[PDB]
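Okay, here we've got a single chain as structure tokens, the form deposited in one PDB entry, with questions on binding and movement later.
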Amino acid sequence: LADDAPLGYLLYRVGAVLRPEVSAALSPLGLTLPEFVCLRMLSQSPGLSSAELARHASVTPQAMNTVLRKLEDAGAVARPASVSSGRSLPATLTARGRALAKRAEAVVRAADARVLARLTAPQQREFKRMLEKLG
């Protein structure tokens, strides 16, 4: 049928507008979108599985694991001691990574503002309320 736009398709197109602008906004900080996903979500949920991080970042779990290894090698994500056990604590942000995540969150906030700029301010607030009500 020629006149079919399902909700999932509309969401995907908003995403297709959004992801390149978020990437371009993150580029001056040396970050990709999956790295920002990893940083912020790890700042909210320590040790969150690579599978869910990959699901959120629209990447394969292998690619998200490479993201994790790079952020760990760069000193942004640490798995600390856990002096009681033989295994480490859930993956967590360092001071390096938390300052990094704060700047990335500023830049991503601005990028979302530029994507939302095709609506009026009340339309933007109402649209965000609808998104929160749907999710």
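The numbering used is simple: start at 1 and walk along the sequence shown. Here the rigid core means the biggest group of C-alpha atoms that line up within 1.5 Å when the two forms are laid on top of each other.
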item	value
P80 coordinate gap across at least a third of other entries	yes
Across other compared entries, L33 missing in at least a third	no
42 to 50 set against 86 to 94, stretch whose average Cα temperature factor tops the other in the entry	86 to 94
Stretch with the greater mean C-alpha B-factor as recorded in the entry, comparing 120 to 128 against 5 to 13	120 to 128
Among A101, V67, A110, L26 - the residue whose C-alpha B-factor is largest in the record	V67
Among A106, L31, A74, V37 - the residue whose C-alpha B-factor is largest in the record	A74
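The protein also exists as the form deposited in another entry; that form is not presented, and the subsequent description refers to it.
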| item | value |
| --- | --- |
| Core-superposed comparison between the shown form and the other one - Cα displaced by 2 angstroms or more, from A110, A63, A95, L29 | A63 |
| Post core alignment: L39 C-alpha displaced by 2 Å or more between the shown form and the other one | no |
